[PDB]
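Chemist: One file: coords.pdb (PDB, C-alpha atoms and all ligand atoms).
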```pdb
ATOM      1  CA  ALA A   1      16.898  -6.076  -9.435
ATOM      2  CA  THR A   2      18.269  -3.321  -7.167
ATOM      3  CA  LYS A   3      16.156  -0.738  -9.089
ATOM      4  CA  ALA A   4      12.795  -0.364 -10.815
ATOM      5  CA  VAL A   5      10.760   2.563 -12.273
ATOM      6  CA  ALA A   6       7.231   3.223 -13.481
ATOM      7  CA  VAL A   7       5.875   6.064 -15.597
ATOM      8  CA  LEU A   8       2.296   6.754 -14.538
ATOM      9  CA  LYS A   9       0.039   7.930 -17.392
ATOM     10  CA  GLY A  10      -3.757   8.133 -17.543
ATOM     11  CA  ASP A  11      -6.800   9.392 -19.399
ATOM     12  CA  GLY A  12      -6.292  12.869 -17.982
ATOM     13  CA  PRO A  13      -3.881  15.271 -16.265
ATOM     14  CA  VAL A  14      -2.253  12.839 -13.943
ATOM     15  CA  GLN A  15       1.241  11.684 -14.722
ATOM     16  CA  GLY A  16       4.440  11.129 -12.780
ATOM     17  CA  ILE A  17       7.547   8.979 -12.601
ATOM     18  CA  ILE A  18       8.009   6.753  -9.517
ATOM     19  CA  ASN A  19      11.220   4.996  -8.702
ATOM     20  CA  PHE A  20      11.838   1.900  -6.561
ATOM     21  CA  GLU A  21      15.231   1.065  -5.081
ATOM     22  CA  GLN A  22      16.033  -2.199  -3.036
ATOM     23  CA  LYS A  23      19.637  -2.288  -1.898
ATOM     24  CA  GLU A  24      19.614  -6.019  -0.944
ATOM     25  CA  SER A  25      16.799  -8.553  -1.614
ATOM     26  CA  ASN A  26      15.695  -8.774   1.976
ATOM     27  CA  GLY A  27      15.771  -5.008   2.432
ATOM     28  CA  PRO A  28      13.102  -2.387   2.465
ATOM     29  CA  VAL A  29      12.535  -0.834  -0.946
ATOM     30  CA  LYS A  30      12.267   2.990  -1.178
ATOM     31  CA  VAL A  31       9.711   4.428  -3.559
ATOM     32  CA  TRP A  32      10.243   8.082  -4.443
ATOM     33  CA  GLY A  33       9.070  10.355  -7.322
ATOM     34  CA  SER A  34       6.520  12.960  -8.470
ATOM     35  CA  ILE A  35       2.900  12.542  -9.430
ATOM     36  CA  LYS A  36       1.232  15.653 -11.023
ATOM     37  CA  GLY A  37      -2.225  16.763 -11.885
ATOM     38  CA  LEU A  38      -3.647  15.345  -8.689
ATOM     39  CA  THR A  39      -6.212  17.156  -6.673
ATOM     40  CA  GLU A  40      -4.903  18.301  -3.323
ATOM     41  CA  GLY A  41      -5.222  15.785  -0.484
ATOM     42  CA  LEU A  42      -4.910  12.108   0.042
ATOM     43  CA  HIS A  43      -4.889   9.543  -2.933
ATOM     44  CA  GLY A  44      -4.643   5.727  -2.700
ATOM     45  CA  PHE A  45      -1.445   4.315  -4.247
ATOM     46  CA  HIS A  46      -1.121   0.542  -4.841
ATOM     47  CA  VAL A  47       0.532  -2.127  -6.822
ATOM     48  CA  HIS A  48      -2.064  -4.060  -8.697
ATOM     49  CA  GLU A  49      -1.645  -7.614  -9.827
ATOM     50  CA  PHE A  50      -1.168  -7.535 -13.601
ATOM     51  CA  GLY A  51       1.157  -5.514 -15.764
ATOM     52  CA  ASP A  52      -1.440  -5.351 -18.382
ATOM     53  CA  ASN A  53      -2.359  -2.034 -19.725
ATOM     54  CA  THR A  54      -4.377  -3.215 -22.720
ATOM     55  CA  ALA A  55      -7.547  -1.662 -21.305
ATOM     56  CA  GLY A  56      -5.752   1.137 -19.472
ATOM     57  CA  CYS A  57      -5.655   0.953 -15.692
ATOM     58  CA  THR A  58      -8.659  -1.368 -15.586
ATOM     59  CA  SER A  59      -6.862  -4.438 -16.918
ATOM     60  CA  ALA A  60      -4.307  -4.414 -13.969
ATOM     61  CA  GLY A  61      -6.669  -6.340 -11.857
ATOM     62  CA  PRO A  62      -7.035  -6.127  -8.077
ATOM     63  CA  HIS A  63      -4.289  -5.323  -5.503
ATOM     64  CA  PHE A  64      -1.241  -7.649  -5.783
ATOM     65  CA  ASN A  65      -1.979 -10.165  -3.017
ATOM     66  CA  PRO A  66       0.061 -13.447  -3.056
ATOM     67  CA  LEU A  67      -0.869 -14.241   0.563
ATOM     68  CA  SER A  68      -4.631 -13.866   0.244
ATOM     69  CA  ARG A  69      -4.738 -11.247   2.953
ATOM     70  CA  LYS A  70      -7.373  -8.492   3.371
ATOM     71  CA  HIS A  71      -6.743  -4.846   2.540
ATOM     72  CA  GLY A  72      -4.842  -2.636   4.947
ATOM     73  CA  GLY A  73      -2.398   0.230   5.233
ATOM     74  CA  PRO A  74       1.425  -0.340   4.817
ATOM     75  CA  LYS A  75       2.037  -0.727   8.499
ATOM     76  CA  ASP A  76      -0.825  -3.199   8.964
ATOM     77  CA  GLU A  77      -0.002  -6.900   9.138
ATOM     78  CA  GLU A  78      -3.292  -7.706   7.476
ATOM     79  CA  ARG A  79      -2.625  -5.981   4.336
ATOM     80  CA  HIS A  80      -2.117  -6.963   0.774
ATOM     81  CA  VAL A  81       1.509  -6.820  -0.628
ATOM     82  CA  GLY A  82       0.556  -3.990  -2.946
ATOM     83  CA  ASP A  83      -0.907  -1.753  -0.221
ATOM     84  CA  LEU A  84       1.380   1.244  -0.129
ATOM     85  CA  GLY A  85      -1.320   3.417   1.376
ATOM     86  CA  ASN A  86      -1.837   7.015   0.513
ATOM     87  CA  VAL A  87       0.362   9.751  -1.045
ATOM     88  CA  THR A  88      -0.400  13.450  -0.480
ATOM     89  CA  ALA A  89      -0.699  15.995  -3.261
ATOM     90  CA  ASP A  90       0.066  19.519  -2.309
ATOM     91  CA  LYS A  91      -1.867  22.585  -3.417
ATOM     92  CA  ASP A  92      -0.300  22.636  -6.899
ATOM     93  CA  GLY A  93      -1.498  19.045  -7.291
ATOM     94  CA  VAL A  94       1.974  17.563  -6.858
ATOM     95  CA  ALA A  95       2.785  14.396  -4.825
ATOM     96  CA  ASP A  96       6.508  14.225  -3.872
ATOM     97  CA  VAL A  97       6.340  10.547  -3.095
ATOM     98  CA  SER A  98       8.572   9.091  -0.340
ATOM     99  CA  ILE A  99       7.621   5.639   1.035
ATOM    100  CA  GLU A 100       9.840   2.860   2.332
ATOM    101  CA  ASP A 101       8.170  -0.467   2.453
ATOM    102  CA  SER A 102       9.403  -3.915   3.438
ATOM    103  CA  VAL A 103       6.617  -6.206   2.196
ATOM    104  CA  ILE A 104       6.866  -5.413  -1.512
ATOM    105  CA  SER A 105      10.136  -6.395  -3.099
ATOM    106  CA  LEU A 106      11.888  -6.146  -6.439
ATOM    107  CA  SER A 107      12.850  -9.869  -6.277
ATOM    108  CA  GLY A 108      11.236 -13.276  -5.625
ATOM    109  CA  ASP A 109       7.623 -14.186  -4.781
ATOM    110  CA  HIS A 110       6.685 -10.612  -3.716
ATOM    111  CA  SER A 111       8.258  -8.999  -6.659
ATOM    112  CA  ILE A 112       6.352  -6.090  -7.922
ATOM    113  CA  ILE A 113       8.334  -6.105 -11.293
ATOM    114  CA  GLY A 114       5.896  -6.329 -14.268
ATOM    115  CA  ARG A 115       2.866  -5.323 -12.197
ATOM    116  CA  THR A 116       1.061  -1.954 -12.174
ATOM    117  CA  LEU A 117       1.465   1.038  -9.885
ATOM    118  CA  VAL A 118      -1.929   2.814  -9.623
ATOM    119  CA  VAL A 119      -2.797   6.192  -8.117
ATOM    120  CA  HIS A 120      -6.347   6.634  -7.108
ATOM    121  CA  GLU A 121      -9.054   9.145  -7.218
ATOM    122  CA  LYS A 122      -9.682   9.254  -3.478
ATOM    123  CA  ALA A 123      -7.977   8.370  -0.296
ATOM    124  CA  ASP A 124      -7.470   4.820   0.699
ATOM    125  CA  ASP A 125      -9.295   4.309   4.096
ATOM    126  CA  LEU A 126      -6.685   1.723   5.045
ATOM    127  CA  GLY A 127      -9.207  -0.982   5.614
ATOM    128  CA  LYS A 128     -10.744   0.943   8.481
ATOM    129  CA  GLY A 129     -13.993   2.025   6.853
ATOM    130  CA  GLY A 130     -16.361  -0.744   7.941
ATOM    131  CA  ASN A 131     -17.828  -2.145   4.824
ATOM    132  CA  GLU A 132     -16.820  -4.791   2.381
ATOM    133  CA  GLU A 133     -15.222  -2.403  -0.072
ATOM    134  CA  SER A 134     -12.889  -1.264   2.683
ATOM    135  CA  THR A 135     -11.232  -4.661   2.905
ATOM    136  CA  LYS A 136     -11.173  -5.103  -0.838
ATOM    137  CA  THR A 137      -9.884  -1.801  -2.227
ATOM    138  CA  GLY A 138      -9.840   0.591   0.696
ATOM    139  CA  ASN A 139     -12.608   2.656  -1.026
ATOM    140  CA  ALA A 140      -9.941   4.414  -3.040
ATOM    141  CA  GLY A 141     -12.128   5.073  -6.115
ATOM    142  CA  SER A 142     -11.005   5.107  -9.694
ATOM    143  CA  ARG A 143      -7.543   4.644 -11.100
ATOM    144  CA  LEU A 144      -6.409   8.057 -12.351
ATOM    145  CA  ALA A 145      -3.022   6.926 -13.738
ATOM    146  CA  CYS A 146      -1.010   3.743 -13.694
ATOM    147  CA  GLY A 147       2.133   2.378 -15.210
ATOM    148  CA  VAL A 148       3.883  -0.968 -15.358
ATOM    149  CA  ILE A 149       6.863  -1.294 -12.998
ATOM    150  CA  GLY A 150       9.884  -1.985 -15.122
ATOM    151  CA  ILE A 151      13.579  -2.731 -14.618
ATOM    152  CA  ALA A 152      15.731   0.359 -14.238
ATOM    153  CA  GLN A 153      19.379   1.361 -13.683
TER     154      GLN A 153
ATOM    155  CA  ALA B   1       4.639 -16.353 -15.230
ATOM    156  CA  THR B   2       2.870 -18.323 -17.888
ATOM    157  CA  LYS B   3       1.622 -15.154 -19.639
ATOM    158  CA  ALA B   4       2.716 -11.566 -20.294
ATOM    159  CA  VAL B   5       1.693  -8.609 -22.507
ATOM    160  CA  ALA B   6       3.354  -5.474 -23.923
ATOM    161  CA  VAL B   7       1.315  -2.559 -25.229
ATOM    162  CA  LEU B   8       3.584  -1.044 -27.829
ATOM    163  CA  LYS B   9       3.138   2.823 -28.132
ATOM    164  CA  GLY B  10       5.472   5.659 -29.178
ATOM    165  CA  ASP B  11       5.760   9.288 -30.371
ATOM    166  CA  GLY B  12       3.746   8.719 -33.600
ATOM    167  CA  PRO B  13       0.986   6.392 -35.072
ATOM    168  CA  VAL B  14       2.854   3.059 -34.512
ATOM    169  CA  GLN B  15       1.089   1.059 -31.824
ATOM    170  CA  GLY B  16       0.164  -2.523 -31.046
ATOM    171  CA  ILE B  17      -0.191  -5.232 -28.382
ATOM    172  CA  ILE B  18       1.989  -8.307 -28.266
ATOM    173  CA  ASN B  19       1.225 -11.289 -25.993
ATOM    174  CA  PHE B  20       3.636 -13.873 -24.562
ATOM    175  CA  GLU B  21       2.791 -17.346 -23.239
ATOM    176  CA  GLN B  22       5.239 -19.989 -21.783
ATOM    177  CA  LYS B  23       3.503 -23.226 -20.700
ATOM    178  CA  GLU B  24       6.392 -24.714 -18.632
ATOM    179  CA  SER B  25       9.366 -22.779 -17.205
ATOM    180  CA  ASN B  26      11.933 -24.620 -19.400
ATOM    181  CA  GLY B  27      10.068 -24.480 -22.680
ATOM    182  CA  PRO B  28       9.393 -21.831 -25.333
ATOM    183  CA  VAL B  29       7.619 -18.535 -25.135
ATOM    184  CA  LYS B  30       4.906 -18.009 -27.814
ATOM    185  CA  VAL B  31       4.790 -14.345 -28.842
ATOM    186  CA  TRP B  32       1.908 -13.021 -30.950
ATOM    187  CA  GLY B  33      -0.107  -9.918 -31.820
ATOM    188  CA  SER B  34      -0.186  -6.928 -34.200
ATOM    189  CA  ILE B  35       1.502  -3.627 -34.564
ATOM    190  CA  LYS B  36      -0.107  -0.866 -36.760
ATOM    191  CA  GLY B  37       1.083   2.355 -38.390
ATOM    192  CA  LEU B  38       4.168   0.714 -39.744
ATOM    193  CA  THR B  39       5.657   1.391 -43.165
ATOM    194  CA  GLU B  40       5.216  -1.780 -45.282
ATOM    195  CA  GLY B  41       8.119  -4.223 -44.931
ATOM    196  CA  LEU B  42      10.395  -5.530 -42.214
ATOM    197  CA  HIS B  43      10.901  -4.020 -38.715
ATOM    198  CA  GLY B  44      13.424  -4.870 -36.003
ATOM    199  CA  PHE B  45      11.732  -6.481 -33.076
ATOM    200  CA  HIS B  46      13.818  -6.645 -29.876
ATOM    201  CA  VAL B  47      13.575  -6.791 -26.130
ATOM    202  CA  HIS B  48      15.751  -3.976 -24.807
ATOM    203  CA  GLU B  49      17.198  -4.248 -21.310
ATOM    204  CA  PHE B  50      15.437  -1.747 -19.118
ATOM    205  CA  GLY B  51      11.727  -1.234 -18.790
ATOM    206  CA  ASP B  52      12.422   2.343 -18.108
ATOM    207  CA  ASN B  53      10.277   4.627 -20.053
ATOM    208  CA  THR B  54      11.040   8.023 -18.590
ATOM    209  CA  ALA B  55      12.621   9.133 -21.785
ATOM    210  CA  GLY B  56      10.149   7.203 -23.955
ATOM    211  CA  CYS B  57      11.902   4.393 -25.804
ATOM    212  CA  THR B  58      15.303   6.057 -25.404
ATOM    213  CA  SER B  59      15.693   5.075 -21.732
ATOM    214  CA  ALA B  60      15.131   1.369 -22.377
ATOM    215  CA  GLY B  61      18.856   0.962 -22.961
ATOM    216  CA  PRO B  62      20.605  -1.642 -25.210
ATOM    217  CA  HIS B  63      19.322  -5.051 -26.328
ATOM    218  CA  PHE B  64      18.820  -7.340 -23.334
ATOM    219  CA  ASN B  65      21.919  -9.386 -23.509
ATOM    220  CA  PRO B  66      22.582 -11.294 -20.208
ATOM    221  CA  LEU B  67      25.309 -13.637 -21.686
ATOM    222  CA  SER B  68      27.258 -10.834 -23.557
ATOM    223  CA  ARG B  69      27.106 -12.451 -27.023
ATOM    224  CA  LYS B  70      26.753 -10.190 -30.042
ATOM    225  CA  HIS B  71      23.690  -9.383 -31.997
ATOM    226  CA  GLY B  72      22.081 -12.051 -34.044
ATOM    227  CA  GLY B  73      18.700 -13.110 -35.330
ATOM    228  CA  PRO B  74      16.189 -15.362 -33.419
ATOM    229  CA  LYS B  75      17.661 -18.533 -34.785
ATOM    230  CA  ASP B  76      21.431 -17.850 -34.372
ATOM    231  CA  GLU B  77      23.732 -19.109 -31.543
ATOM    232  CA  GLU B  78      25.326 -15.787 -31.127
ATOM    233  CA  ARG B  79      22.295 -13.748 -30.572
ATOM    234  CA  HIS B  80      21.294 -11.531 -27.739
ATOM    235  CA  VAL B  81      18.402 -12.774 -25.615
ATOM    236  CA  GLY B  82      16.293  -9.885 -26.738
ATOM    237  CA  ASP B  83      16.914 -10.525 -30.453
ATOM    238  CA  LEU B  84      13.555 -11.471 -31.792
ATOM    239  CA  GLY B  85      14.197 -10.638 -35.486
ATOM    240  CA  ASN B  86      11.868  -8.680 -37.800
ATOM    241  CA  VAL B  87       8.123  -8.366 -38.133
ATOM    242  CA  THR B  88       6.613  -7.789 -41.599
ATOM    243  CA  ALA B  89       4.244  -4.972 -42.302
ATOM    244  CA  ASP B  90       1.711  -5.412 -45.112
ATOM    245  CA  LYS B  91       0.525  -2.656 -47.460
ATOM    246  CA  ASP B  92      -1.952  -1.359 -44.880
ATOM    247  CA  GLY B  93       0.980  -1.246 -42.406
ATOM    248  CA  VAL B  94      -0.382  -3.832 -39.946
ATOM    249  CA  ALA B  95       2.235  -6.423 -38.841
ATOM    250  CA  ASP B  96       0.821  -9.638 -37.280
ATOM    251  CA  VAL B  97       3.355 -11.532 -35.090
ATOM    252  CA  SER B  98       3.672 -15.312 -34.414
ATOM    253  CA  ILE B  99       7.128 -16.220 -32.872
ATOM    254  CA  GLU B 100       7.935 -19.244 -30.683
ATOM    255  CA  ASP B 101      11.320 -18.698 -29.091
ATOM    256  CA  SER B 102      13.525 -20.730 -26.858
ATOM    257  CA  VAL B 103      15.990 -18.160 -25.530
ATOM    258  CA  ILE B 104      13.816 -15.467 -24.041
ATOM    259  CA  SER B 105      11.752 -16.598 -21.082
ATOM    260  CA  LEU B 106       9.135 -15.393 -18.622
ATOM    261  CA  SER B 107      11.080 -16.784 -15.630
ATOM    262  CA  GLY B 108      14.719 -16.823 -14.438
ATOM    263  CA  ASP B 109      17.880 -14.940 -15.753
ATOM    264  CA  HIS B 110      16.456 -14.844 -19.207
ATOM    265  CA  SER B 111      13.151 -13.317 -18.035
ATOM    266  CA  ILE B 112      11.876 -10.617 -20.352
ATOM    267  CA  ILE B 113       9.286  -9.538 -17.720
ATOM    268  CA  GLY B 114       9.846  -5.909 -16.724
ATOM    269  CA  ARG B 115      11.989  -5.114 -19.772
ATOM    270  CA  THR B 116      11.024  -3.105 -22.935
ATOM    271  CA  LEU B 117       9.781  -4.570 -26.225
ATOM    272  CA  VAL B 118      10.787  -2.247 -29.117
ATOM    273  CA  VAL B 119       9.545  -2.212 -32.740
ATOM    274  CA  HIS B 120      12.015  -0.464 -34.972
ATOM    275  CA  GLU B 121      12.015   1.855 -37.886
ATOM    276  CA  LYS B 122      14.194  -0.224 -40.210
ATOM    277  CA  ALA B 123      14.880  -3.914 -40.547
ATOM    278  CA  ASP B 124      17.384  -5.846 -38.564
ATOM    279  CA  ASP B 125      20.220  -7.074 -40.667
ATOM    280  CA  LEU B 126      20.325 -10.051 -38.191
ATOM    281  CA  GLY B 127      23.830  -9.199 -37.136
ATOM    282  CA  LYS B 128      25.154 -10.735 -40.364
ATOM    283  CA  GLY B 129      25.086  -7.207 -41.868
ATOM    284  CA  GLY B 130      28.791  -6.919 -41.531
ATOM    285  CA  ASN B 131      29.907  -3.902 -39.586
ATOM    286  CA  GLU B 132      30.348  -2.958 -35.975
ATOM    287  CA  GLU B 133      26.814  -1.527 -35.754
ATOM    288  CA  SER B 134      25.376  -4.686 -37.234
ATOM    289  CA  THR B 135      26.900  -6.730 -34.384
ATOM    290  CA  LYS B 136      25.231  -4.339 -31.823
ATOM    291  CA  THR B 137      21.726  -3.475 -33.250
ATOM    292  CA  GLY B 138      21.525  -5.050 -36.557
ATOM    293  CA  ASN B 139      21.092  -1.535 -37.949
ATOM    294  CA  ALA B 140      17.400  -1.426 -37.068
ATOM    295  CA  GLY B 141      17.294   2.378 -36.688
ATOM    296  CA  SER B 142      14.924   4.329 -34.523
ATOM    297  CA  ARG B 143      12.716   2.955 -31.788
ATOM    298  CA  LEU B 144       9.303   3.626 -33.260
ATOM    299  CA  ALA B 145       7.216   2.299 -30.372
ATOM    300  CA  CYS B 146       7.782   0.322 -27.185
ATOM    301  CA  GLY B 147       6.254  -1.134 -24.094
ATOM    302  CA  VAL B 148       7.335  -2.595 -20.743
ATOM    303  CA  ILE B 149       6.469  -6.324 -20.691
ATOM    304  CA  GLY B 150       4.058  -6.952 -17.833
ATOM    305  CA  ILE B 151       2.522 -10.072 -16.295
ATOM    306  CA  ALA B 152      -1.002 -10.852 -17.593
ATOM    307  CA  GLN B 153      -3.902 -13.073 -16.731
TER     308      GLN B 153
HETATM  309 CU    CU A 201      -5.499   0.300  -5.931
HETATM  310 CU    CU A 202      16.380  -2.896 -30.706
HETATM  311 ZN    ZN A 203      -5.235  -3.493  -1.133
HETATM  312 ZN    ZN A 204      20.529  -7.452 -30.343
END
```
Turn the structure described in the file into structure tokens.
Ligand SMILES: [Cu+2]
Ligand SMILES: [Cu+2]
Ligand SMILES: [Zn+2]
Ligand SMILES: [Zn+2]

Modeler:
Amino acid sequence: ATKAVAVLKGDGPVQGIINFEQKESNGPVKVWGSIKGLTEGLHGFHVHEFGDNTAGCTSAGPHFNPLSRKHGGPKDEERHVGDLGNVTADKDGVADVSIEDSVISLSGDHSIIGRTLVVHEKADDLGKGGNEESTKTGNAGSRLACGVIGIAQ
Amino acid sequence: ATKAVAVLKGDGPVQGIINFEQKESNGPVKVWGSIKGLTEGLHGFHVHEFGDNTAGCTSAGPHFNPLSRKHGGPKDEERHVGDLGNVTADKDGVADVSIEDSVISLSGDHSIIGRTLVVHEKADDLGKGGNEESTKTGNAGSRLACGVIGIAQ
């Protein structure tokens, strides 16, 4: 898959469309798009294991983590594959997302296709917060909106 | 993936949740579940190509057809990989689904993971409807509800 897409929808204001592009299977993938209805500031943004939205964002499970690593930030080695960090929402509550990541992929074992993109209530502390939650979730709070990552063109 | 799920939802009442299970990579996918809000009778059931929902069901594109054959029903040679036939809606408008299929898959070129499951307005003439549209859609009409097929536990 050179391209994927996810429509984030939630039980509330937050919604947005996020796009993933991988030009070759070994390449970095770029994730760009808009999330709306956020509060201003930092919000955790991750790919969660399951593409299951039967119980909303809660059925997606924990961060996608094929390597059984601990939680980190995108630049950390000790991170989970789905740790894309934070995205910032401006004053109008809008996140113009722009991330480039080389751990996640749209093909093979680290494929994020069919899994869930989630945008969180609070900032992800990037595993630097010094308590067990930090290394699990990054203390990023609830899942405001989520969507299953699907194949695009 | 041994399991997958699609939460079927659209612009009106028609909604449902369809599960997929494939016990070995080279064996059949069991699909099962219920849709609701359907008019009594038969409804086209197909996996469309893209799991792109930016435009609702409209952006999902054509029937997933990796080997370029023409539209058929689940049991034809000349079928498209996404051609899963028709579900039947009872007088309360609930359609229960049990399908075992050997052409779709949850792994490899035929993988329906990350693509869009669509329940249609009208019935699929199984491609044997005799006309140029029949050989593309089976005349199933509007996309009433759809979901991107995600990986499940
Ligand atoms: Cu998360
Ligand atoms: Cu169709
Ligand atoms: Zn994580
Ligand atoms: Zn077809």

Chemist: Given the PyMOL selection byres (((not hetatm)) within 6 of (chain A and resi 202)) and the file above, list the residues it selects as a PyMOL selection string.

Modeler: chain B and resi 46+63+118+137

Chemist: Restrict the distance test to all atoms listed in the file, flag each residue of chain B within 8 Å of chain A, and return the flagged residues as a list in words.

Modeler: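 Filtering chain B at 8 Å from chain A with all atoms listed in the file gives residues 4, 5, 6, 7, 17, 49, 50, 51, 52, 53, 54, 113, 114, 115, 116, 148, 149, 150, 151, 152 and 153 of chain B.
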
Chemist: Restrict the selected residues to C-alpha atoms and save them as a short mmCIF file (atom, residue, chain, number, x, y, z; two decimals), keeping the file's coordinate frame.

Modeler:
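So the final result, stored in part-v5.cif, reads:
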```
data_model
loop_
_atom_site.label_atom_id
_atom_site.label_comp_id
_atom_site.auth_asym_id
_atom_site.auth_seq_id
_atom_site.Cartn_x
_atom_site.Cartn_y
_atom_site.Cartn_z
CA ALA B 4 2.72 -11.57 -20.29
CA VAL B 5 1.69 -8.61 -22.51
CA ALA B 6 3.35 -5.47 -23.92
CA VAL B 7 1.32 -2.56 -25.23
CA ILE B 17 -0.19 -5.23 -28.38
CA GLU B 49 17.20 -4.25 -21.31
CA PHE B 50 15.44 -1.75 -19.12
CA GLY B 51 11.73 -1.23 -18.79
CA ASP B 52 12.42 2.34 -18.11
CA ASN B 53 10.28 4.63 -20.05
CA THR B 54 11.04 8.02 -18.59
CA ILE B 113 9.29 -9.54 -17.72
CA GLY B 114 9.85 -5.91 -16.72
CA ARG B 115 11.99 -5.11 -19.77
CA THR B 116 11.02 -3.10 -22.94
CA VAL B 148 7.34 -2.60 -20.74
CA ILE B 149 6.47 -6.32 -20.69
CA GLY B 150 4.06 -6.95 -17.83
CA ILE B 151 2.52 -10.07 -16.30
CA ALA B 152 -1.00 -10.85 -17.59
CA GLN B 153 -3.90 -13.07 -16.73
#
```

Chemist: Grab the atom CA of residue A:70 to atom ZN of ligand ZN 203 (chain A) distance for me, in Å with one decimal place.

Modeler: 7.1 Å

Chemist: Pick the closest to residue B:73 from B:86, B:98, B:111, B:25: which is it, counting all atoms listed in the file?

Modeler: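 So, comparing all the options, the nearest one is B:86.
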
Chemist: Around ligand ZN 203 (chain A), which protein and nucleic acid residues have at least one atom no more than 7 Å from it, if we count all atoms listed in the file? List them as a tab-separated table (two decimals) with C-alpha atoms, keeping the file's coordinate frame.

Modeler:
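To be explicit, this is the file written out as selection.tsv:
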```tsv
chain	number	residue	atom	x	y	z
A	46	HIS	CA	-1.12	0.54	-4.84
A	63	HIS	CA	-4.29	-5.32	-5.50
A	71	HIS	CA	-6.74	-4.85	2.54
A	72	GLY	CA	-4.84	-2.64	4.95
A	79	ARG	CA	-2.62	-5.98	4.34
A	80	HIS	CA	-2.12	-6.96	0.77
A	82	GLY	CA	0.56	-3.99	-2.95
A	83	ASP	CA	-0.91	-1.75	-0.22
A	136	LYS	CA	-11.17	-5.10	-0.84
A	137	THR	CA	-9.88	-1.80	-2.23
A	138	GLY	CA	-9.84	0.59	0.70
```

Chemist: If you count all atoms listed in the file, which residues fall within 6 Å of residue B:90, apart from same-chain ones fewer than 3 positions away, as a PyMOL selection string?

Modeler: chain B and resi 40+93-94

Chemist: Need to verify the contact set: residue B:11, 9 Å, all atoms listed in the file, exclusion of same-chain residues closer than 2 positions in sequence. Can you return it as a PyMOL selection string?

Modeler: chain B and resi 9+13-14+56+144-145

Chemist: Neighbourhood query: residues within 6 Å of (13.3, 0.5, -34.2), file coordinates, counting only C-alpha atoms; return as a PyMOL selection string.

Modeler: chain B and resi 44+119-121+140-144

Chemist: Using atom CA of residue B:74 and atom CA of residue B:97 as the two end points, give the distance in Å to one decimal.

Modeler: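 Atom-to-atom, atom CA of residue B:74 to atom CA of residue B:97, that is 13.5 Å.
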
Chemist: In Å, rounded to a single decimal, give me how far atom CA of residue A:22 is from atom CA of residue A:35.

Modeler: 20.8 Å

Chemist: Nearest to residue A:45 among A:68, A:15, A:88, A:135, with distances taken over only C-alpha atoms: which residue is it?

Modeler: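 Among the listed residues, the smallest separation from residue A:45 belongs to A:88.
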